[PDB]
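# Overview (structure and organization)
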Amino acid sequence: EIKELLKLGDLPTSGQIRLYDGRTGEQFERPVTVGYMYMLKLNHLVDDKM
Amino acid sequence: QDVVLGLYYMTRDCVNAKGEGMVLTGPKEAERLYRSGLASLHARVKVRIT
Amino acid sequence: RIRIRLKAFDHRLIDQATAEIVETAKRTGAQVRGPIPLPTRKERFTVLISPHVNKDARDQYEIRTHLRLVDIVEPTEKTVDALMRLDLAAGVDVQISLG
Amino acid sequence: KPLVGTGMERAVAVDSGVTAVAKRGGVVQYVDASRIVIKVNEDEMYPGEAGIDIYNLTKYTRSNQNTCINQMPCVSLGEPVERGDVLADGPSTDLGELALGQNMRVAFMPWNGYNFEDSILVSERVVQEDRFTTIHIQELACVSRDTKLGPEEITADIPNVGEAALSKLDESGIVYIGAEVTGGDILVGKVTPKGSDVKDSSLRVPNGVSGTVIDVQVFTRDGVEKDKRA
Amino acid sequence: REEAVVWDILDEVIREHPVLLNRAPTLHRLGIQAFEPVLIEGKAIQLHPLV
Amino acid sequence: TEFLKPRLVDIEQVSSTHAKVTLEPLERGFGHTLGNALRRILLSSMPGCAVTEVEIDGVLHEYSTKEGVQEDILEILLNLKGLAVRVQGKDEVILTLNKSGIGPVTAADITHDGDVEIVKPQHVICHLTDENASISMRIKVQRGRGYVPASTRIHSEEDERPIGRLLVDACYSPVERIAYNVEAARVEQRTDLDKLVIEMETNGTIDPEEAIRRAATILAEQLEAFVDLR
Amino acid sequence: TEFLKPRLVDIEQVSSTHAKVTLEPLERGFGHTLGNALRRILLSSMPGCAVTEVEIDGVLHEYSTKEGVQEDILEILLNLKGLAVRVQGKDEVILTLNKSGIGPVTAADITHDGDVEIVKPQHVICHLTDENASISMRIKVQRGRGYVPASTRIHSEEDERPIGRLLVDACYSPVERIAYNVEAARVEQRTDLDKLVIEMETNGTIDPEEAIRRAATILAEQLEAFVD
């Protein structure tokens, strides 16, 4: 169902897109995984520890 | 951890790539063939090393 | 044609104003006449500086009112209105007059 | 709004009382700057006590972990709501769901060593959009207890220290509210004479922190007033 | 006040002056090692990965 | 030396914001070099105007709330940070927004001057709900590049400004997304030439041929240090 | 809206064919722009001339063996590829070398015309075991740019050359290695800047700063069209 939903959107089925590099402008070999992860900011902030 | 993955992907081989079985006059033009886009990072090749 | 009479005490300020006005004109419309300097009014005043008496004791002040005649030959739709929203720097009395 | 959730976000965000779940259904009047005003449909409405429900939104205030608990209305003006429906989204909620963190485009790859053991390498588009810029609130107390040698005093006429005391305050003392205060500032001039024998106990801002004075509370010793603000 | 001239003073007191970095559960002697500082715009100690 | 030179041959506007541009003809291998260099420069270093200081009347700090509106004041500052302005003559202007009455406050309600152009007439800012409510904010639009934030602009500002002016972060760059493609050129006698199809996505305020010209001048004046001196 | 121009602070000349152009300070994320642009131009676009084809007697393809030599013809092909020659006037010069006697054959042993010269005469070609061995090769030198290898050369050619002609990789561009870093420099307030360190090693026939200046003016004349 993840693959079938990735086929409803026009995305590649493997979940992996070829990505270029912003520094060199040239392709990363062996396509990498891009997606959306729900990332959280925990309350261990660095200018309360320094 | 990252650096051994970078080495294990770098010094390896595959049975066909760009520049299979060509001959190279040194390691400097090995890196020049990798950067220009004429060979692959793992492509078996006779080099002349000192 | 829109005649524009800039009047101010500070000359630099007046100059600045004039330039701004020209800029405003020139982007919207076309053929701005130009910033023509008219004669400056040097309104002189003498006063006795003593509280009581000493008549040869005097200060002579003046107010230099500068004039800047800017004219606009073709009033378009866009140009004339641009001035309504475009207010100039303080201490510069402008006086636009079409025809 | 987590794109990949489990559907239990709704029950947690309702059942923990951080959102303003509607008590009686109906429409809305939406004054809301201060309170959501809900007109009640007649079936859920009592015969006497004609009655329209006025919900209090708790705006920017201190949590127990110095985070910011804040409620924002998620219904417009003149819009039907049902019993049990949510009206104001609390902290970490989005239309009644449960939004702890945020969803971002993530690549899995080594990138030049900057994510070596467990580190994480972040673009500038994350920090330009303020999409993690959290808001912390600090309560700071100042008291002028009568330890010994008379009582302490709340006056701007701060000593030794010059035209670097009387600044983010009024003529009668205490921080004047709002402002871009940082570290080493003065908030509440609170110093005694005989403690050429004056000192500086004036509660200041701690080292390293900035901020905006959002609120000043004062239920002080019956007298705090100058000639008249009280 | 942190004026504009004390940062050159700071780069002239750092230069050849090692510091002892120490991770909090030090078990053997390789858990206290001395480095030379390189100044960081930031608030986090940048630590070389092999170490 | 049998090299050639490229020109901007066809500049198609797919919309007012998203617009491609060709480059023709490029030499062999130069396509990815010029494309990546123009990408890095066109994403880092373009000049665009943005909102810097917002001045609302009858306000204390940005974390308060106001009479008659939907979005809170932090929401208003975020929706103003997204604004897209295009001034022509000056480099620092002050706009005015005044509006009363029930209904949303678009960006098309700002009482424009002559040399400022607001290119998004459907950008929403507020949702005025009370008919007796009013809002009169005075925005200040500077012009720069990169990203300069509120913390660094807390002491950097020299012109001693009065207190009460909310500071909004400055997102100056009007380029948001850029991609280049190296196709095969259709040259009637050469087969070893290529074209560069740069696909920009702007803020609507920047003109793409002007942006490409400025990025080219930036690259040439940076390389003059290599050309002249050694 | 004014940009930081740098000063070229150092040319640490290690050898006559080595350099390290320390360069500071640039805007944040500009060292990679300049370095990558110069690196790609210096790798695959810089003009120059070297040996492309060679016709040798006694051999019929690249895997035969002539007598009198310790090394084989792959080694003579590789040591020929390592030779750096410069042509001034023309662009297609054929050269011929003949060597007999006990001793190695070096680059100074070749027969040269008025337009060509050798930048390293003590660069070895081969060695000779027999005093009766008479080696002979017809060394053709074209002029192109960058790098083209013998694999795609033999894929691109179609005309039937005579038997005994040998293809070699054409190291047209005179640089051998360019690889940079980007370090971090400091102007007294902003620490976000970055300093370029370009390393370069070439063959003969050029001075590394001359190669850098050539690549820079190649890119500037390439971008000379649509500027202000």
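How each quantity is defined
Residues numbered from 1 in each chain as written, not as in the entry; some residues may be left out. Chains lettered and ligands numbered in written order. Part of a larger assembly, values for the part shown. Heavy atoms only, no water. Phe/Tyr/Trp six-rings, centres within 6.5 Å; stacked < 30°, edge-to-face > 60°. Helix = DSSP H or I, 4+ residues; strand = E, 2+ residues; numbered from the N terminus. Buried < 20%, exposed > 50% of the residue type's maximum accessible area, 1.4 Å probe, protein only. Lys NZ or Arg CZ within 6 Å of the ring centre and 35° of its normal. Axes fitted to C-alpha atoms, helices over the stretch in contact; angles between N-to-C directions. Parallel < 35°, antiparallel > 145°, perpendicular 65-115°, else oblique. Contact = heavy atoms within 4.5 Å. Pairing = 2+ DSSP bridges. Patch = residues over 30% accessible without salt bridge, like charges linked within 9 Å, V, L, I, M, F, W, Y side chains within 5 Å. Areas by Shrake-Rupley, 256 points an atom, 1.4 Å probe, with all protein chains shown as cover. Salt bridge = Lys/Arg side-chain N within 4 Å of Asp/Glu carboxyl O.

Its PDB record attributes the structure to cryo-EM, giving the resolution as 3.7 Å.

### A few points about the packing of aromatic side chains
Within the structure shown, the criterion is met by four aromatic pairs over all chains. Both rings, one in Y60 of chain D and one in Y63 of chain F, keep their centres 5.7 Å apart while their planes meet at 35°; by these two values the pair is tilted. Here the residue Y60 of chain D occupies a position in the loop between β2 (52–56) and β3 (61–62), and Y63 of chain F occupies one in the loop between β2 (48–56) and α2 (73–81), the pair thus bridging two chains. Among the residues examined, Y60 of chain D registers a relative accessible area of 14% and is labelled buried. Accessibility expressed as a relative area gives 23% for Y63 of chain F, which makes it partly exposed. Ring plane angle 75° and centroid distance 5.9 Å describe the contact between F3 of chain F and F30 of chain F, whose orientation is recorded as edge-to-face. Highlighted residues: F3 of chain F in the segment before β1 (18–21) and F30 of chain F in helix α1 (residues 30–44), separated in sequence by 27 residues. Grouping residues by exposure puts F3 of chain F and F30 of chain F together as buried. Against the face of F3 of chain G rests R145 of chain F, its NZ or CZ located 4.3 Å from the ring centre. A cation sits over an aromatic face here: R145 of chain G above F3 of chain F, 5.3 Å from the ring centre.

### Some thoughts on the packing of helix α1 (residues 31–44) of chain G against helix α4 (residues 208–222) of chain G
All names here are of chain G. At their nearest, the axes of α1 and α4 sit 10 Å apart, and the two run at 100° to each other. Considering the angle they form, α1 stands roughly perpendicular to α4. Of the residues in α4, those touching α1 at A37, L38, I41 and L42 are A211, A215, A216, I218 and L219.

### What to know about the arrangement of the chains
Where the 13 pairs of chains in contact are concerned, the greatest contact count is recorded for chains F and G. Of all C-alpha pairs spanning chain C and chain D, none lies closer than 30 Å, and the two are not in contact. At the C-alpha level, the nearest point of chain B lies 9 Å from chain E, with no contact between them.

### Let's talk about the sheet that holds strand β11 (residues 165–167) of chain G
Residue and element names in this part refer to chain G. The four strands are arranged β5-β9-β3-β11 in an open sheet whose pairing can be described as antiparallel. Whereas interior strands pair on both sides, the edge strands pair on one side only; in this sheet they are β5 (93–100) and β11. Geometrically, the sheet is characterised by an average inter-axis angle of 30° between neighbouring strands, direction not taken into account. Summarising the sheet, β5 and strand β9 (residues 134–145) pair through eight bridges and their orientation is antiparallel. Pairing of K99 across the sheet is with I135, part of β9.

### Points about the pairing of strand β2 (residues 18–26) of chain G
Residues and elements named next belong to chain G. Note that strand β1 (residues 7–11) and β2 share four bridges and pair antiparallel. Residue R7 lies in a different strand from β2, and its bridge partner there is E24. Two successive antiparallel strands, β1 and β2, enclose a turn made up of six residues. With seven bridges connecting them, β2 and strand β14 (residues 194–202) associate as antiparallel partners. Looking at the pairing, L23 lines up with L196 of β14.

### Here we look at the environment of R68 of chain C
Residue placement: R68 of chain C occurs in strand β4 (residues 58–72). Setting aside chain neighbours within four positions, we find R68 of chain C in contact with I4, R5, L6, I14, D15, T18, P35, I36 and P37 of chain C.

### What about a nonpolar patch on the surface?
Residue and element names in this part refer to chain C. Taken together, the side chains of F9, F45, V47, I49, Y61 and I63 make up a nonpolar region of the molecular surface, amounting to roughly 560 Å² of accessible area. Within the secondary structure layout, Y61 lies in strand β4. Given the relative accessible area of 47%, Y61 is considered partly exposed.

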